[PDB]
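Heads up, the chain below is alone and in the form deposited in one PDB entry; it's given as structure tokens.
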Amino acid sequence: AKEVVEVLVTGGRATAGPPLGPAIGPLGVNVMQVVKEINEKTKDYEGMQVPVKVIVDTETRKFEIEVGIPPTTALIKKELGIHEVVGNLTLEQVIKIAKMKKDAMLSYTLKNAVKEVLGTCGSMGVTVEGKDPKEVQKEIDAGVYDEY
């Protein structure tokens, strides 16, 4: 058989936990090799949400990795190197946009996609619920909502 896995990892900090482990361990290929190769090819996207595709032949266990690109927002920050508010969105609006992203690209978990929307809002100086989107992300990252 062949299996194609499409996931979103943190550029240069992929681990063998989830989601690579769940998705790949089954296919019985060395998850650590996969993780090494992915971290190699996402060096330049250190810390960014990067889409990745792994293509595996289950019989043979051979695989190959194809890397997408991060959001343009993230590429711009990076290029700028080394604080103003200009609009606000509700969290339900954030979920709306995140649902469109995920419909169009199923490799996104709703969590992933909210993450990215939150990230883009930061990059635009837009608060979510009057709050800083890094703030609001922590609230989510703890496990505190599932009710919006």
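Residue positions are given as counts along the sequence shown, with the first one as 1. Rigid core here is just the name for the largest C-alpha set that superposes within 1.5 Å across the two forms.
Keep in mind that the form deposited in another entry is not shown, yet the notes after this line are about it.
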Open item on the list: Does residue 25 shift between this form and the one not shown by 2 angstroms or more at the C-alpha, the core having been superposed?
Closed with: no
TODO: Answer yes if the Cα of residue 60 shifts by 2 angstroms or more between this form and the one not shown on a rigid-core superposition, and no otherwise.
DONE: no
Open item on the list: Does residue 118 shift between this form and the one not shown by 2 angstroms or more at the C-alpha, the core having been superposed?
Closed with: yes
Open item on the list: Knowing the shift is 3 Å or more, I'd like to know if the C-alpha atoms of residue 118 and residue 13 are closer or farther apart in the other form than in the shown chain.
Closed with: farther
TODO: Would you mind telling me if residue 47 and residue 100 are closer or farther apart in the other form than in the shown form, C-alpha to C-alpha, with a 3 Å or larger change?
DONE: closer
